[PDB]
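Read the single chain below, which is given as structure tokens and is the form deposited in one PDB entry.
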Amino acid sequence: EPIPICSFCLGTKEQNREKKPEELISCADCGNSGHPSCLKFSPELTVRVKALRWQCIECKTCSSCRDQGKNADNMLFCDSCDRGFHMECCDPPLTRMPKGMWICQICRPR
């Protein structure tokens, strides 16, 4: 169950797709880990997520109100901490889908 392996390349933190050593980001609910390169994570997420309770795409929840359901599936993932936030939970309120990288209110105050 706690097997520290990658779901994309079946490799551990000691060996990546190209035998490259790098820590693995294991889901705090499923325990499934994956390399930042395999998960297409950002340099900030790699260091920002390794120090916080990370959740996979099927576990990611809202940090503002902290809820689940249909709206929880349409939330936005932070490009700085990978925290999910409902479209309406974003601070300030989300006007429209931003073409590019999104960052939660916890990472970018108002």
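So that there is no doubt, residue numbering starts at 1 and follows the sequence shown.
A second form of this protein, the form solved in complex with a partner chain, is not displayed here; the remarks below concern that form.
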{"query": "Contact check for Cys38, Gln68 and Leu76 against its partner chain in the deposited complex, heavy atom at 4.5 Å", "finding": "yes"}
{"query": "4.5 Å heavy atom contact, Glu44 to its partner chain in the deposited complex", "finding": "no"}
{"query": "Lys60 within 4.5 Å of its partner chain in the deposited complex, heavy atoms", "finding": "yes"}
{"query": "Partner proximity in the deposited complex: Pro98 to its partner chain, non-hydrogen atom cutoff 4.5 Å", "finding": "yes"}
{"query": "is_contact(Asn16, its partner chain) in the deposited complex, heavy atom dist at most 4.5 Å", "finding": "no"}
